[PDB]
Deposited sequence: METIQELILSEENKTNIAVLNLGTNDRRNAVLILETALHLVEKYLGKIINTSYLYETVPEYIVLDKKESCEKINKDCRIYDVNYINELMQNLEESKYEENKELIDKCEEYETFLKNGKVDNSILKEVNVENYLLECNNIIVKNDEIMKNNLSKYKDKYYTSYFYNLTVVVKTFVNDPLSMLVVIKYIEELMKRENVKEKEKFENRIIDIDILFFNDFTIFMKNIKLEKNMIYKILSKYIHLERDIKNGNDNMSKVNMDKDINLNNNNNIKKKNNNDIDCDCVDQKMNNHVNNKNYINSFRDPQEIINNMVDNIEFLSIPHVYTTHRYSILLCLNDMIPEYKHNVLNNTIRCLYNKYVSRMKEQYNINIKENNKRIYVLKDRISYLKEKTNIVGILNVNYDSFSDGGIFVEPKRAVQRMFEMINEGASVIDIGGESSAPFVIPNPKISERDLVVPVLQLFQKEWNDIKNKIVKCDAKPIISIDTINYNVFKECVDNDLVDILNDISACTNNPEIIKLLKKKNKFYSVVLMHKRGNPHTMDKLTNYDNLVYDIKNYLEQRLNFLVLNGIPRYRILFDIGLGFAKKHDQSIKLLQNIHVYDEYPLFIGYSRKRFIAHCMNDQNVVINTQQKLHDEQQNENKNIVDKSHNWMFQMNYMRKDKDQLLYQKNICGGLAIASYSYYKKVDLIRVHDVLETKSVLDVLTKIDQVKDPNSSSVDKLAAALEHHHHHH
């Protein structure tokens, strides 16, 4: 073993890798980055963190996808979708603690900086001769070393044929290898260790020329805003030995320096993205209406419900939230009929009736299902009936449902809502030490749990659960302080809740029904100025009319 002593070593280890994923195809960004995300889970190890998606300014200065997915070679390492609460190796990575010794030879901090600076200054005047879509992931990887991992990454880039995947960190290592040449047989041997290889011929041809040197950290880690922007979401307290500071301090200095040194305000043109289904949404650029479809006095027939769905589409709802449970305080569900029996038939009919399309392939509303029950969501998702899980337990009731959010090539988005107890008990469970931050921190802990378990950060929506184990003054208090969610994708449901009525001064009890809907439009307005991303409403047309007037008043004509 001249080259293969330790590189091909049978002794299996667990490393932490931090990757950067980039594309400049805006229209296909989500499909390309998430196809890269699936090849990372498949070939490199386990995804235990992701940044938001960003639309980023170029910083040079400083459906064959669908075909491919049916024809992939099998990893020699097993998938494990089982939930985890902890990852020790990742704990160790973050404290810069004692991971295993590098099989690739390390440089010291001063040599690293010398060689890093040389690549950039040489890369600057080479460059002196569209938007980016960026994402970072932390991977718990079975790959033995960064060079091994770069070889597998370049294979992933080749399968995909558009995509840049870089290694930013690998363990606490500092590495600068200058004139790497791996023979084609050596590349095959490294791929074979991680993959059951079966047109992977000309691919090995390509890769020999392409792996020229190996920098860990990445040279541009510290020099691109787009990279620090992403790392700041995942690992802000991280300090590599080669960095003047923690990633958050590096991120903050960069933002500041652009203000004071150039008067730029760099956030304006590097935009945070959340994904509801398969398309980019710019965080805080739009208040989408989520139309409520309660399939539950009882016996809501599927035909009636589906025509309500079509009504709500025409009234301007961009999302439909269907549910067969009832969450009102002090009530129990319908006599016999099961949750699945209420929602699946409705959804199956809707899906058929929409398929009688004419030809608007992007006037289709996103479907959200309000369920905490695995069996219902499992059936909805297998039968392509829903896009979004609306879990009012924040996946707490049965965290197994988190496994259903990851299909082989698909990812589903999810709303995490705060409540305490159940409908009968929740009006009792009203004591908070720090209401606003208690609830915010709960949702942040839930998101960390999903993200640790491989759910993309940008597919996760926060919801404060207004009226769920909150007094009316507490529901109000969370709306007063909603700015607390300014960095995050936000979903709220005020519609027709008792607290609205508590705000009002003082036909037969239907005068209170009217003031309640009219009071909700006040909140729709408030939400609009607070740039709330989604509002769950019963009254789609009334809310739509309000958001259109407010939108028009904001648009300056020329």
Ranges missing from the model, given as deposited sequence positions: 1, 64-82, 150-160, 193-205, 243-300, 399-405, 467-469, 619-656, 709-728
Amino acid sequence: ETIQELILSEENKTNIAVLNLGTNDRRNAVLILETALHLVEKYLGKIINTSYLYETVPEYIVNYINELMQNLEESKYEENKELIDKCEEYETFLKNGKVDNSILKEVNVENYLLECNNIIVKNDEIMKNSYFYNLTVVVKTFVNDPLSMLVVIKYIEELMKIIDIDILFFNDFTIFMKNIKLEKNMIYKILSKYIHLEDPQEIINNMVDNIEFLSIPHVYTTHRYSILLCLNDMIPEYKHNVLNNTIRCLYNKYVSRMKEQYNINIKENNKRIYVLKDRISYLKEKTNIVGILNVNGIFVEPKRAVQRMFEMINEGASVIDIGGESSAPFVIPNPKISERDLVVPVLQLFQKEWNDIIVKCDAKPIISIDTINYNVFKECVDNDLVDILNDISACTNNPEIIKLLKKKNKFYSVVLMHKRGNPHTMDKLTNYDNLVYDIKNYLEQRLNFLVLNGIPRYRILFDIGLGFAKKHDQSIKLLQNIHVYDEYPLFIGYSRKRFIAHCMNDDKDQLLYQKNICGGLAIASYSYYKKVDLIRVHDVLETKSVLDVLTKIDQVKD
From here on, numbers count along this sequence of modelled residues.
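So that the term is clear: the rigid core is the largest set of C-alpha atoms that superpose within 1.5 Å between two forms.
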Between 91-99 and 236-244, which one shows the bigger average Cα displacement from this form in 6 other deposited structures of this protein once the rigid core is aligned? 91-99
Figure out for me whether 300-308 or 80-88 is the more displaced stretch in 6 other deposited structures of this protein, taking RMS C-alpha distance from the shown form once the rigid core is superposed. 300-308
Please confirm whether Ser338, modelled here, goes without coordinates in at least one third of the other compared entries that cover both its neighbours. no
Does the comparison with other PDB entries of this protein show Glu198 lacking coordinates in a third or more of them, where both adjacent residues are built? yes
Determine, for stretches 493-501 and 47-55, which one has the higher mean CA B-factor as deposited. 493-501
Which of the two stretches, 135-143 or 408-416, shows the higher mean Cα temperature factor in the record? 408-416
Among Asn20, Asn12, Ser545, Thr23, the highest C-alpha B-factor in the PDB entry belongs to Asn12
Scanning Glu183, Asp370, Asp341, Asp387 for peak Cα temperature factor in the entry gives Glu183
Comparing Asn269 with the other modelled residues of its chain, is its CA B-factor in the lowest, middle or highest third? highest
Lowest, middle or highest third: which one holds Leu450 when the chain's residues are ordered by CA B-factor from the entry? lowest
Please place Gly467 in the lowest, middle or highest third of its chain by C-alpha B factor as given in the entry. lowest
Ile247: which third of its chain by C-alpha temperature factor? middle
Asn398: C-alpha B-factor third of its chain, per the entry, is the lowest
